[PDB]
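Working notes, structure below.
Throughout, read-outs are computed from the coordinates displayed, never taken from laboratory work. Cβ atoms come from the backbone with ideal geometry, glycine included; neighbour counts cover every protein chain shown.
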Amino acid sequence: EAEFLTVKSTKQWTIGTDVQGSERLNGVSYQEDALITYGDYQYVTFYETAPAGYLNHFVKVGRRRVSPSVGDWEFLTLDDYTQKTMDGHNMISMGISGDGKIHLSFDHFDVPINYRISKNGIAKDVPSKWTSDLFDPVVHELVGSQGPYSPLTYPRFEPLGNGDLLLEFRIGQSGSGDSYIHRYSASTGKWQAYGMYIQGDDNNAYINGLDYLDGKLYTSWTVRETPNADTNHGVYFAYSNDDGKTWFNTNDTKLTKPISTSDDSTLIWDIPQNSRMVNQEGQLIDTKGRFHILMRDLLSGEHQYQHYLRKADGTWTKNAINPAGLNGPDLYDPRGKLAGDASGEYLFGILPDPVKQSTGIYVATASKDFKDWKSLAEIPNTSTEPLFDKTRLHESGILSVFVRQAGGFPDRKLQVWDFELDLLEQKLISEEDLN
Ligand SMILES: C[C@@H]1O[C@@H](O[C@H]2[C@H](O)[C@@H](O)[C@H](O)O[C@@H]2C(=O)O)[C@H](O)[C@H](O)[C@H]1O
Ligand SMILES: *[C@@H]1O[C@H](CO)[C@@H](O)[C@H](O)[C@H]1NC(C)=O
C-alpha cells in the first residue's frame, strides 16, 4: 500500500485580454487574494482596459458556479472608479466574509486607502443578475475603525475561522514604513483597528502572506532598507493566538505590541542585503500546523527558490527547491506560491520559471521531508506571479490558478487553470503464475 497525488484532468478559461503596458498589471505576487471560492461560486478580480477605448482602466469581477457543476464565467465592470496608479504596485486584493459580503482594495502606491464592499451578502444570498450596482461606491476609510489610511500600499485580506476578515497593509513607503491590521466583524459590519503590529526603523517589513489555522494567525517577512530591491535582509516569523492583537516568536516568547524591525527575536534565518532575495514571495500553514516560507537567494552559490520549514516543535530547516528542469530565479524574476491539500501531506510549489515563460506545479511530501519535488503539471505561455484559490483546493481538491500569459499586447490573455487532483491509494496484489 502507497499513495500518489495525481492530476486527473486539466482545463483552462480565457477570462479577458491583459492590459497594455511594459509593467505587469495583473497576476502579481502580493495580491491577497485574486481568485476565491465561497460556497458554490468562484470569484476572480483583475484590471481591464475600457472597451471604448484606451485611457480608462476598471476593476472587473468575475463569478462562475463551480458546484455542484462548473458553469460559465460572467463579469461586472466597476466603471465608476478609473485607476489613478497603473504602475507595478497597485494590484487588486479581494476578501469574502462570513456574511457573504465581498470586499475590494486596489489602486495603491503610497496614497490614501481605496476600499469598497457589496451592498449585500451576495456570496451568501446569491443574486442571479451579476451587475456593478451590487457594489457600494469607493471610500477612503474603514467604517468604525481609525487611520492612518495613508500613505497606503499592499492591502492583504485574510478570512478568519468565525466569518470575520482581517485587512493588513503598509503605511509609509519603501525603506521607511509600518504595518497595520484592521478586523471586519461579519456579525456587525464594523471595522476595529488592531493598530501597528510592525514598526519600521528607517526601513519597512514586507510580509509573504497571512495564514490561519485553528485560532492561530501566521506571517513571515523580510526587511527593506531603501527603495532598491537589493536591500532586503532577514527571514522573520511571528504568530498570533488572538487574530493579530498579540504576537509570539518561534520560541513562543511574547513580543512588544509594535514589533520593531530592529528586534531579531523574530529572525529565523540570517540573509544579508544583496543575497538576491525578493520581498512578498510565498508562505503556507499546512493542515498539520507545519509552517512553510517560499523565498529565493544565491547564497548556496546558485540562484534558487528556498523552502523554509518550521516543524511543529519550533525547529527550522532550509532546503533549496531544485526539481529537474526548473531554472532558479534572480531578484527580479516572477515570484511563486505554496499550496497544501486538505490532508496536509502534499505541498505544492507553484513556481514560475524565469527562462521557460511557464509556471510549474511541483509536489513534495511530508513523509520524505518535502525534499521529493516532482513535476505534476505545467501552465504554458505565462509571464505571471501565480495566485490560487486556497478554499476550492481545501474543500473540492481542485488547484485553480489565475495567470497572465507571456507575449505582447493584445495577444496576451488572462486565464484560470483548473487541475483536478486525485489522491490514489495503490494496492499491489501478488497473484498465481503456475500450472
Ligand atoms: C521588488 C519590488 O518590490 C515592490 O515594489 C517596490 C520597488 O522595490 C521600488 O519601485 C520601490 O521600492 O517601490 C516599491 C515599494 O514601495 O514597495 C513590489 O513587490 C514590486 O512588485 C517588486 O518588483
Ligand atoms: C529562539 O529562536 C531562534 C530561532 O529563531 C533560535 O536560534 C534560538 O535557539 C531560540 N532561543 C531560545 C531561548 O529558545
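So the values come out like this:
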read-out	value
Residue within segment 390-403 that is in contact with a helix residue (DSSP H, G or I) (Cβ under 9 Å, 6 or more places away or on another chain), β-branched (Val, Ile, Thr) and surrounded by 17 or more Cβ atoms within 10 Å (Cβ to Cβ) present	yes
Residues (under 14 Å from residue 316 (Cβ atoms) and either part of a loop (DSSP other than H, G, I, E, B) or within 16 Å of ligand 1 (Cβ to nearest atom) (or both)) located in segment 266-275	266, 270, 271
Residue in segment 193-211 that is nearest to ligand 1 (Cβ to nearest atom), counting only those that are in a strand (DSSP E or B) and surrounded by fewer than 17 Cβ atoms within 10 Å (Cβ to Cβ)	196
Of all residues making up segment 119-168, the number that are of a type in the set (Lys, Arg) and touching a residue at least 40 places away in the same chain (Cβ under 8 Å)	2
Options 2, 52: the member that is surrounded by fewer than 20 Cβ atoms within 10 Å (Cβ to Cβ) and without any contact (Cβ under 8 Å) to a residue 12 or more places away in the chain	52
Leading residue by the ranking (nearest to residue 181 (Cα to Cα)) among those in segment 216-253 that are assigned to a loop (DSSP other than H, G, I, E, B) and within 16 Å of ligand 2 (Cβ to nearest atom)	249
Number of positions in segment 346-374 that are crowded, with 18+ Cβ neighbours inside 10 Å, within 18 Å of residue 291 (Cβ to Cβ), out of contact with any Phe, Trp or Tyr (no Cβ under 7 Å at 6 or more places or on another chain) and not hydrophobic (A, V, I, L, M, F, W, C)	1
Selection count, segment 71-103, where residues are free of Cβ contacts under 8 Å to residues at least 12 places away in the same chain and not small (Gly, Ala, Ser)	1
Any chance residue 335 is within 16 Å of ligand 1 (Cβ to nearest atom) and among the basic types (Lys, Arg)	yes
Every pair of residues 6+ apart whose Cβ atoms lie under 6 Å, when the first sits in segment 31-42 and is farther than 16 Å from residue 386 by Cβ while the second is surrounded by 24 or more Cβ atoms within 10 Å (Cβ to Cβ) and of a type in the set (A, V, I, L, M, F, W, C)	38/96
Residue count for segment 212-254, restricted to those that are β-branched (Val, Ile, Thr), more than 21 Å from the chain's Cα centre (by Cα) and within 16 Å of ligand 1 (Cβ to nearest atom)	2
Strands (runs of 3 or more DSSP E) wholly inside segment 1-71 containing at least 1 residues that are under 23 Å from the mean Cα position of the chain (by Cα) and within 16 Å of ligand 1 (Cβ to nearest atom)	41-49
Tabulated pairs, segment 233-259, first under 27 Å from residue 278 (Cα atoms) and free of Cβ contacts under 8 Å to residues at least 60 places away in the same chain, second crowded, with 21+ Cβ neighbours inside 10 Å and of a type in the set (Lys, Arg), C-beta under 9 angstrom, 6+ apart or interchain	233/224
Within segment 254-267, considering residues that are within 10 Å of ligand 2 (Cβ to nearest atom) and closer than 30 Å to residue 164 by Cα, the one surrounded by the most Cβ atoms within 10 Å (Cβ to Cβ)	266
Residues that are closer than 14 Å to residue 271 by Cα and hydrophobic (A, V, I, L, M, F, W, C), drawn from segment 295-319	295, 298, 299
Residue selected from segment 129-150 under the condition of a type in the set (S, T, N, Q) and under 16 Å from residue 102 (Cα atoms), by the criterion surrounded by the most Cβ atoms within 10 Å (Cβ to Cβ)	132
Some residue of segment 268-286 being away from ligand 2 (no atom under 16 Å from the Cβ), over 20 Å from the mean Cα position of the chain (by Cα) and buried (at least 23 other Cβ atoms within 10 Å of the Cβ)	no
Yes/no for residue 207 being away from ligand 2 (no atom under 16 Å from the Cβ), in contact (Cβ under 8 Å) with a residue 60 or more places away in the chain and in contact with a strand residue (DSSP E or B) (Cβ under 9 Å, 6 or more places away or on another chain)	yes
Filter pass, residue 34 being within 12 Å of residue 91 (Cα to Cα) and hydrophobic (A, V, I, L, M, F, W, C)	yes
Looking only at segment 72-107, and only at residues there that are part of a strand (DSSP E or B) and within 16 Å of ligand 1 (Cβ to nearest atom), the one that is nearest to the chain's Cα centre (by Cα)	93
Count of segment 120-147 residues which are touching a strand residue (DSSP E or B) at 6+ places or on another chain (Cβ under 7 Å) and on the phi < 0 side of the Ramachandran plot	16
